[PDB]
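> Fold the following for me, if possible:
(2 chains)
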There are 2 protein chains.
Amino acid sequence: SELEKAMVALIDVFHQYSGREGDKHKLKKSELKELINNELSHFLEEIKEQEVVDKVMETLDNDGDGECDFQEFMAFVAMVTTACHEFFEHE
Amino acid sequence: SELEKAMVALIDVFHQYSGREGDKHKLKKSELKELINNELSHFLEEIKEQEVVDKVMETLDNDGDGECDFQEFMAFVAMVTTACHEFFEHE
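Residues are numbered from 1 along each chain as shown, chains lettered A, B, ... in the order given. Below is the structure:
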């Protein structure tokens, strides 16, 4: 399905990128920024000064430690996806 | 790209499933359930008697009303993805 195929791929990126940090399951801050660029470096060319890459650590980090988990992996693309398009509207 | 291609797919399920029954931006407990199967019918099968579809309605719920948001959209697949995956891990 739509999320089905995107689940097998997006998941491969969670363990792949998380693999950079010694083990392979969570992202070490900079690991997240990578996915935002190496993966989101066309739709959202913002960042550079830590816009969604720095704000993410706030949400993406729901455990407090620096180790990103799957829950933050999808919730991450969630913000950087719409969150980025939100840069236009700001309450 | 992995997150790029999957980004347009998931995003298509938000504006697509959101335009199923009136409204066109959030998913009600019903629009979400569908995404669970209509999109996650592999490792989640037809839901497990309201297992992740019930718990999600609590989070995916913008704030209790029946309208999921984009941030909760991807974050949702985050749990239903691993949340239901790790489930298999018995003992």
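
> surely residue A:70 meets residue B:77?
No. Assessed by Cβ atoms under 8 Å, residue A:70 is found out of contact with residue B:77, at 9.6 Å. The C-beta positions use only the backbone N, C-alpha and C, and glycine is treated the same way.

> Tell me which of those two has more neighbours.
When residue A:70 and residue B:77 are compared for neighbours, residue B:77 comes out ahead with 30 against 22, by other Cβ atoms under 10 Å in any protein chain shown.

> Quick check: closest non-adjacent residue to the more buried one.
Leaving aside its chain neighbours, residue B:77 sits nearest to residue A:74 (4.6 Å; criterion: Cβ to Cβ, 6 or more residues apart in numbering or on different chains).

> What's the first helix or strand after the host helix or strand of the one you found?
Assigning secondary structure by DSSP states H and E places residue A:74 in helix A:70-78. Following helix A:70-78 in sequence order, the next helix or strand is helix A:84-86 (DSSP H and E).

> List of residues touching that following helix?
A:40, A:43, A:44, A:46, A:52 (Cβ atoms under 8 Å, 6 or more residues apart in numbering or on different chains).

> ok, now with 10 Å
Applying Cβ atoms under 10 Å, 6 or more residues apart in numbering or on different chains, the contact partners of helix A:84-86 are A:36, A:40, A:43-47, A:51-52, A:79, B:11, B:70-71.
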